[PDB]
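Listed below, chain by chain, are the residues.
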Amino acid sequence: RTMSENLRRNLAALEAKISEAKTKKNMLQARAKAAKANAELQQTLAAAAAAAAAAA
Amino acid sequence: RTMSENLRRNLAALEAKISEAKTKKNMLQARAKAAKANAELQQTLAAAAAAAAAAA
Amino acid sequence: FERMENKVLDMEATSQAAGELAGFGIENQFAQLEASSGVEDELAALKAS
Amino acid sequence: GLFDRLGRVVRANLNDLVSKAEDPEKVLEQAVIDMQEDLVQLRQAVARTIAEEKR
Amino acid sequence: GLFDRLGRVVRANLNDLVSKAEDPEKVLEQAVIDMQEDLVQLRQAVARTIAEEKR
Amino acid sequence: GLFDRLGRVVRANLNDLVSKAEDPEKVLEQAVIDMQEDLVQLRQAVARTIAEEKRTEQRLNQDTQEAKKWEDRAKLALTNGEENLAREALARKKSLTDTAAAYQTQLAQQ
């Protein structure tokens, strides 16, 4: 009955950080989608400038 | 008779959120149908502009 | 349920963004004006009768 | 372990492959049907314990 | 880029080659037929949205 | 470098050789066709970013109200003296306020 208190505190301290991780992943997946949308835009703008139809 | 009170509160706290979920799903299914109607419209407008019958 | 709510919100925002942005541009933005038809002068002349 | 890292990679790809098979409009109401009959089963099990605190 | 310049040159020759295949008298009225059935499709899609502003 | 000077000389001759292959009347309108479909591609890419400035605003409004739920639930514990449970609810609140500040920064930039 000293071990069982020690385990019972450790068990609460785990789920307390499953809650923290699960709120962070939402914010990180949001950022990952935004970053990838801007990458495709900047790639498109560069390809258009490489064709230089206005100079032709 | 301590367990039975605890279970009897948990049992009420479940159906209270079945009621909440069932009102939200109606609003979400409405939004899903509207969003999909606009997708088909925007696809149609783009295809028509790609044919450019007025330019021919 | 929570996971499937988020898909609906992604569909909705994708649809609204394209339609809002397609709402710009001279041909549409002038089509919202009542006198855009260009025959206002001969209408005013007809109104002389 | 290295074999855990390869495990989690292959396990995560398969879990995503399922997730994009879920049609929102259908599964968004099967979820409520499941969540309702779960309450029916629970209610029976609870009542089967009250029967013995009486006893 | 040099390969873009060669691309646009060859692409423009092919686009002109098509353009002188168009017979005016025929295509000048297929253009109107296409432009009419486009309105039929559009009208259906619009009506399918009014149905939900009602709803 | 000498090999750069020879490079630029040979590279310039080849670039002129292409330039006199361009027929004005044909290329002068392919140039406009290219310049038009470039706008179609651009418009799609832009719209795909507006879709997410709409979206971070929805997420922000959730977490700024989820935190108030946990702030209330903490006070409801202190009135029962249950400090061990109030501290837990406050820990839930903290991480919500921290991530909400990330959306404000992201949104203002977008």
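Each value, and the rule that gives it
- Residues numbered from 1 in each chain as written, not as in the entry; some residues may be left out.
- Chains lettered and ligands numbered in written order.
- Part of a larger assembly, values for the part shown.
- Heavy atoms only, no water.
- Axes fitted to C-alpha atoms, helices over the stretch in contact; angles between N-to-C directions.
- Helix = DSSP H or I, 4+ residues; strand = E, 2+ residues; numbered from the N terminus.
- Left-handed = near helix turned anticlockwise from the far one by under 90°.
- Contact = heavy atoms within 4.5 Å.
- Nonpolar A, V, L, I, M, F, W, Y, C, P; charged D, E, K, R; others polar.
- Patch = residues over 30% accessible without salt bridge, like charges linked within 9 Å, V, L, I, M, F, W, Y side chains within 5 Å.
- Areas by Shrake-Rupley, 256 points an atom, 1.4 Å probe, with all protein chains shown as cover.
- Salt bridge = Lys/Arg side-chain N within 4 Å of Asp/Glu carboxyl O.
- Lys, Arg positive; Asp, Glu negative; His and termini not counted.
- Charge placed at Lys NZ, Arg CZ, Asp CG, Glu CD.
- Buried < 20%, exposed > 50% of the residue type's maximum accessible area, 1.4 Å probe, protein only.
- Buried area = accessible area lost by both parts, 1.4 Å probe.
- Polar contact = N/O pair within 3.5 Å; in protein donor to acceptor, adjacent residues only side chain to side chain.
- Core = buried A, V, L, I, M, F, W, Y, C linked by side-chain atoms within 4.5 Å.

- cryo-EM is the method the PDB entry states for this structure, with the resolution given as 3.0 Å.

1. Topic: the packing of helix 1 (residues 3-51) of chain B against helix 1 (residues 2-21) of chain C
Then comes step 1: At a minimum axis separation of 9 Å, helix 1 of chain B and helix 1 of chain C run at an interaxial angle of 35°. Handedness of the helix 1 of chain B/helix 1 of chain C crossing: left-handed. Here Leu28, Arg31, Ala32, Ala35, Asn38, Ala39 and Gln42 of chain B of helix 1 of chain B lie close against helix 1 of chain C, whose contacting residues are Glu5, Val8, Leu9, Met11, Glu12, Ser15 and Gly19 of chain C.
Then comes step 2: Of the residues contributing to the contact of helix 1 of chain B with helix 1 of chain C, the split by class is seven nonpolar, four polar and three charged.

2. Concerning a negative patch on the surface
Residues and elements named next belong to chain C.
Then comes step 1: Together, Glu34, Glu40, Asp41 and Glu42 make up a region of like negative charge exposed at the surface.
Then comes step 2: Turning to its location among the elements, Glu40 is positioned in helix 3 (residues 40-46).
Then comes step 3: The exposure class assigned to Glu40 is partly exposed, which follows from its relative accessible area of 38%.

3. Thoughts on the pattern of salt bridges
Then comes step 1: Within the structure shown, the criterion is met by 28 salt bridges over all chains.
Then comes step 2: The closest approach of N and O atoms between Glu20 of chain C and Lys54 of chain F, which form a salt bridge, is 2.9 Å. In this pair, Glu20 of chain C is assigned in helix 1 and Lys54 of chain F in helix 2 (residues 24-78), connecting two distinct chains.
Then comes step 3: In this structure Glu20 of chain C comes out as partly exposed when scored by relative accessible area, which is 42%.
Then comes step 4: With a relative accessible area of 21%, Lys54 of chain F lands in the partly exposed category.
Then comes step 5: In this structure, the salt-bridge partner of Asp16 of chain F is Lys20 of chain F, at a minimum N-O distance of 3.6 Å.
Then comes step 6: For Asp16 of chain F, a relative accessible area of 44% corresponds to the partly exposed category.

4. Here we look at the interface of chain A and chain F
Then comes step 1: Of the residues lining the interface, 16 residues belong to chain A; the matching set on chain F comes to 19 residues.
Then comes step 2: Across the interface of chain A and chain F, roughly 1,600 Å² is buried in total on both sides, 60% from carbon and sulfur atoms.
Then comes step 3: At the junction of chain A with chain F, the criterion picks out one salt bridge.
Then comes step 4: Between the two partners, chain A and chain F, sit three residue pairs in polar contact.
Then comes step 5: When grouped by side-chain class, the residues that make up the side of chain A that touches chain F number nine nonpolar, three polar and four charged.

5. Some details on the nonpolar core
Then comes step 1: Of all hydrophobic cores here, the largest spans six residues; its members are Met27 of chain A together with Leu60, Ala100, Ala102, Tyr103 and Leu107 of chain F.
Then comes step 2: By size, the runner-up hydrophobic cluster in this structure holds five residues, among which are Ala67, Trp70, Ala89 and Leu96 of chain F.

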